[PDB]
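Taking it in order: structure first as structure tokens, then the write-up.
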Amino acid sequence: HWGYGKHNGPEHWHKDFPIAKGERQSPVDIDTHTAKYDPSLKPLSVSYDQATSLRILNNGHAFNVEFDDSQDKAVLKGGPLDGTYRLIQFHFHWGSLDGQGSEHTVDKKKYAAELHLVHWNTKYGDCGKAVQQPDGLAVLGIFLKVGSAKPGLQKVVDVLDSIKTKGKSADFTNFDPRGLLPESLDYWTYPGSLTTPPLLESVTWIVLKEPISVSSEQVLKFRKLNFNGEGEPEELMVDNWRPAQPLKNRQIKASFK
Ligand SMILES: NS(=O)(=O)c1ccc(NC(=O)CN2C(=O)C=CC2=O)cc1
Ligand SMILES: [Zn+2]
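The deposited numbering puts the first residue of the sequence shown at 4, with every later residue one more than the last.
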């Protein structure tokens, strides 16, 4: 099955998922000089006050912090979005070294990691239906750089020892995702796709300009996770990022001057 290795990695995905070579694939390089300020963008609204986390899962590709999305609570609205998008999960992509790990790049700069907060358009009723629509999902992308520790990340870091291997999960209630946001909500936006198979072209990407800082010790604990299951040979969960894909007929818009 698909993964991030030499024999099952991003360069192989097109054989089982031909949309890998499509017209709106993600991630992309964000050319900051070409991106144009868009005055038609409305104010972005991230309303996570009532977010209700449930569980954390190692799925063999990353780990997901899952939310109860059965009521209208943690919502993303405004910016490029029409209507309301509900938070369902977040996860990260990261590197084996501090010099790589992000999926999006900024003037070809790779960050140490990238946080994806995944939301579905409530007009489609649930996330499984939403992902089949061109405006079905909105992913808020946040870059991570190595420096000062992120206090709001530490509860995630400390539970990772309990979900080391593929298929392990743990209770993860009362986690506040507001502790993972930077100060500024300045962003770039473009139409794209899931960055993992099935690579569906159903995502509005909103990538924040300001990275968050995490400590070397925090990211080192991400790198102790395993792609493999319990009782299988250890394959460290590192470099679980897809490289930048062709921009093709797309414009990246900036929320800021
Ligand atoms: N990397 S990314 O583009 O943000 C990316 C984002 C999302 C998914 N897939 C899912 O969320 C699958 N899923 C559901 O539909 C409901 C729960 C769940 O885990 C895959 C990739
Ligand atoms: Zn992702």
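By construction, the Cβ of each residue, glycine as well, lies at the ideal position given by its N, Cα and C atoms.
Is residue i near ligand 1 - that is, is its Cβ less than 6 Å away from at least one heavy atom of it?
i    : result
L120 : no
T176 : no
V68  : no
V31  : no
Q92  : yes
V142 : yes
What does DSSP give as the partner residues of residue i in its beta bridges?
i    : result
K80  : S48
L211 : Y190
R89  : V78 and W123
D34  : Answer is none; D34 lacks a bridge partner.
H96  : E117
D174 : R58
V142 : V121 and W208
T108 : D32
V217 : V149
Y40  : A257
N231 : Partner(s): none; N231 has no beta bridge.
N67  : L60
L197 : In the DSSP output, where bridge partners are listed per residue, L197 has none listed.
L203 : In DSSP, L203 forms no bridge with anything.
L239 : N229
Looking at residue i and ligand 2, is the gap between the Cβ and the nearest heavy atom below 6 Å?
i    : result
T207 : no
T198 : yes
Report back the beta-carbon spacing between residue i and residue j to the nearest angstrom; my notes put them in contact at under 8 Å.
i    : j    : result
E238 : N231 : 5 Å
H122 : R89  : 6 Å
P200 : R27  : The pair is not a contact, with the Cβ atoms about 16 Å apart (cut-off 8 Å).
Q254 : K39  : 7 Å
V134 : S73  : That pair is no contact at about 18 Å.
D71  : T55  : 4 Å
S29  : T192 : That belief does not hold up - the Cβ atoms of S29 and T192 are roughly 12 Å apart, past 8 Å.
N61  : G234 : With 8 Å as the limit, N61 and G234 do not qualify as a contact, their Cβ atoms being about 14 Å apart.
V149 : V241 : In fact, because the Cβ distance is near 14 Å, the residues do not count as touching under 8 Å.
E117 : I145 : 7 Å
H94  : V31  : The Cβ separation is near 19 Å, so there is no contact.
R58  : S172 : 5 Å
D189 : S258 : 6 Å
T168 : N229 : 5 Å
Are three or more beta carbon pairs between the region 205-212 and the region 127-147 nearer than 8 Å? At 8 Å Cβ cutoff, the stretches touch.
Evaluate contact between the region 38-54 and the region 77-93, counting only Cβ atoms and requiring at least three cross-stretch pairs below 8 Å. The region 38-54 is in contact with the region 77-93.
Mind the definition here: the region 240-255 touches the region 176-189 only if three or more C-beta pairs lie below 8 Å; say whether that holds. At 8 Å Cβ cutoff, the stretches do not touch.
Answer yes if the region 64-75 comes into contact with the region 158-175, meaning at least three C-beta pairs across the two stretches below 8 Å, and no otherwise. Segments in contact, yes.
Below 8 Å, how does it come out for the region 121-134 and the region 98-106: are there three or more Cβ pairs, yes or no? Counting Cβ pairs under 8 Å, fewer than three are found: no touch.
With contact counted as at least three CB pairs below 8 Å, one residue from each stretch, are the region 22-42 and the region 151-159 in contact? Cβ pair count under 8 Å is below three, so no.
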